[PDB]
Protein chains: 2
Amino acid sequence: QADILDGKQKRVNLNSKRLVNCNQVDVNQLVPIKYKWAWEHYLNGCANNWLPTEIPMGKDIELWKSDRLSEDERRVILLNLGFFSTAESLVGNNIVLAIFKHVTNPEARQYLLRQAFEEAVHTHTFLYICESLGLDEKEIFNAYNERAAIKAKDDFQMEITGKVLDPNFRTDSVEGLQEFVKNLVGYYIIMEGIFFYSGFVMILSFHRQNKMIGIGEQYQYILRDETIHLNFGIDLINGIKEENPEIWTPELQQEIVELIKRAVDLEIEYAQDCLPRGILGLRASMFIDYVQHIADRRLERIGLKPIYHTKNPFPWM
Amino acid sequence: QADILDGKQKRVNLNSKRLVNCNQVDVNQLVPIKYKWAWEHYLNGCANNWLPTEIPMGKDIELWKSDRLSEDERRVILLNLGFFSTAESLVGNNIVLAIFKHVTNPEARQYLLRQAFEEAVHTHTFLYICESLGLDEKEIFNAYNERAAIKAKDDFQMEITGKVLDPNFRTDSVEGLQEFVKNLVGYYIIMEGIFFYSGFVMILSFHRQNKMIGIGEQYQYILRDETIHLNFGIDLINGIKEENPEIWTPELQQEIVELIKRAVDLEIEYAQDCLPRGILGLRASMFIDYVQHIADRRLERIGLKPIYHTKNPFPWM
Ligand SMILES: [Fe+3]
Ligand SMILES: [Fe+3]
Ligand SMILES: [Fe+3]
Ligand SMILES: [Fe+3]
Ligand SMILES: [Pb+2]
Ligand SMILES: [Pb+2]
């Protein structure tokens, strides 16, 4: 039996748990779980475990070093490796330094720990593809300083990363929680849900034609993870809105649509840099449509109306 | 080629990387890796991947529900599940909320992301063992509020968890970095390296006698992970000391020995609570010796002299 009798009064009540600002209850005990969707995404992520180096790169190395790829095909590969190599760190660092501190719920934190480890796996994937192909990884990982279209995306991402890191930042004010929700939209909806999906189409287009299949297979594994990351983020944003409805004002709704519009513009500029002429039958115009179409699907999932209405040119995605 | 020419000046120099207070260099680019030991522990951890529920619990359930275990054997199981169920969260939360922010180095952060996900796997293990055995997990997870010997350990652990969480905490002062090193000693050397190893002996003693082998096999997997956690922590503490020698003063050295002495006292009290009479040929006196012996081995690894000199009564550990 208990030898500290008062301790029995401290067991956590299911109905007292909340996703943010929950400080009146012990957030170190996992049970009783309230947000079962977080536990399910955690189990699903654990089941998807993979390591990049189980995927062979020999065929990719022989093709990359041959004269069989055009300069335009190489450029698509190099720009995506440049963008993804540091963006995975940007996402993993934000989960840990910004999101976990403020999501005051153990089962959602359990999922965040799996998501941040998967982003570490994604970074390892890019080091492995650089070292396998013989690229100078110090140049590829610094692409966000050397290539304008990539720097513009990442500088935009910092516009929602800085506030939540301030030593005095708190979510126990309407404005503070709105700022935290914009960070979640920026990382889950925009970086993982729009910026990365655009690079997936480009790389998976090579894989579909039996080219650079080792890199293609790694991106298939990253997309399977990203699908759960986006789904968790959408559940967390909608769960926070439901529990704190006074933050979902027309002003915040419009600021979120403006952020997504800005992100679509930057991603179209990056697709143009990736495809100045076109490869594999892809043209940059197909991206103006695809990026706009997925932006609309992300707006719908968080309760906002589509704004572009464009059809999807890549049904296989 | 680069379309932002100045960006080439931003590539990271290997010699400018440091484990803490490194803010003059881009800490989002993984390369060039400097602390190869961190990358190696990260690869070794990834290779050790396991899920608790791949270990069958049927034989354990039948034994636990039979009248074949004594009350004294059940007490050892219940008290260890009570302590470990929330301590794994305490460790995972500290990695994320305290350690990662201040270890300003991407490859050490890559390892931290694997360690924090393994602590999430360890928490899942305890929920799974509770639900398999039919225990009321709300009682087991609240043991740190209901059982004095467990509460004393955890209240002690909070004595080095609180400072580093203050909004204004910084490591760019000698005192601030000393405080951060005491947090690392508290979690890696004391909680993972002394408190957990003592519970491992107790549980692995059942496994050696073919009892509760499903729980034993899970603890074998946790010990394999904990071995790397402790080794990484020892490398990180020694790396910080080497790079900031002015923090390793006789005053700090003596405060660390006093913390370890206090932890040994609390762990002996917990071993006595676990074994008021003795089971499986184990007696609590064997723990006074074992805890003292491992404390000495942890002191040696961070450059302090052994103080107890006791022999190890469990050579198989
Ligand atoms: Fe990722
Ligand atoms: Fe992601
Ligand atoms: Fe653990
Ligand atoms: Fe550990
Ligand atoms: Pb622009
Ligand atoms: Pb005492």
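Note that these values count all heavy atoms, side chains included, but never hydrogens, waters or copies made by symmetry. Proteins come first, then strands; the chains are lettered A, B, ... in the order of their sequence lines, and each starts at number 1. We count ligands from 1, going down the list as the structure has it; atoms in each ligand are counted the same way.
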Taking NZ, NE, NH1 and NH2 as the nitrogens, is one of them in A/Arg297 or A/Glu300 under 4.0 Å from a carboxylate oxygen of the other?
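Answer for the salt bridge query: yes.
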
Please report how many protein N/O/S atoms lie under 2.8 Å from the Fe ion (ligand 3).
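Of the protein's nitrogen, oxygen and sulfur atoms, 3 lie under 2.8 Å from the Fe ion (ligand 3).
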
Does B/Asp155 have any side-chain contact (heavy atoms from CB on, under 4.5 Å) partners at least two apart in sequence or in another chain, and if so, which?
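Testing B/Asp155 for side-chain contact (heavy atoms from CB on, under 4.5 Å), a comparison that skips the adjacent residues, returns B/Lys151.
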
Can you list everything that forms a side-chain contact (heavy atoms from CB on, under 4.5 Å) with A/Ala143? Sequence neighbours excluded, please.
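For A/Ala143 the side-chain contact (heavy atoms from CB on, under 4.5 Å) partners, ignoring immediate neighbours, are A/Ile150.
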
May I ask you to check whether A/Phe195 and A/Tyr187 place their ring centres under 6.0 Å from each other?
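Distance test on ring centres: not under 6.0 Å, no.
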
Would B/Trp37 and B/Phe232 count as a close aromatic pair, with their ring centres under 6.0 Å?
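Yes - the distance between ring centres of B/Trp37 and B/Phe232 falls below the 6.0 Å cut-off.
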
Identify each donor-acceptor pair in which a side-chain atom of residues 86-99 of chain A lies under 3.5 Å from a protein atom, sequence neighbours left out, and give them as a table.
from    : atom 1 : to       : atom 2 : distance (Å)
A/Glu88 : OE1    : A/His122 : ND1    : 3.2
A/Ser89 : OG     : B/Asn28  : O      : 3.4
A/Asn93 : OD1    : B/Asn28  : ND2    : 3.1
A/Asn94 : OD1    : A/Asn183 : ND2    : 2.9
A/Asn94 : ND2    : A/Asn183 : OD1    : 3.0

